[PDB]
């Protein structure tokens, strides 16, 4: 099928949210929005310096993410959405209608993939902090988890299959 609602592709920095998010969006005929582009100036400066963001820094960004997810027509947005707080809020912007695709891997695989993809290693401090901040979403509602230690085309096919199952469940409750 095809999930009848907005999709957030989450996961730590460097996990591939934008690549996966764009492929998902194209496959579903939905527009893709890169979450990074909605950070206020202050946040970008910190990221530019390689300094971690605080909860306070994120909230106005998450608010802007939430507003995009609230549109009528479905949208696919890349957003790390590391904490449970962040995801629960985002869900309120589209109650019972928001799906999350969780891209995940160990520090080693994540680091290797970035180097294998850009020729550069992400600073170890950045990646570890992301991982310590990450609160595993598995178990939470309408969440599809996909490991990244596989071809990109496989990661996308699997994310879409997971979304198709979520769609199946909706078409079921909607028709008792």
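Numbering follows the first chain given and starts at 1.
Comparing 165-173 with 3-11, the higher mean C-alpha B-factor in the PDB entry belongs to 165-173. Looking at mean Cα B-factors across 134-142 and 59-67, the upper value is held by 134-142. You'll see in the entry that, of 53, 28, 38, 148, the Cα B factor peaks at 28. Set against one another, the Cα B-factors of 82, 77, 94, 103 in the record reach their highest point at 94. When all modelled residues of the chain are sorted by CA temperature factor, residue 89 is found within the middle third.
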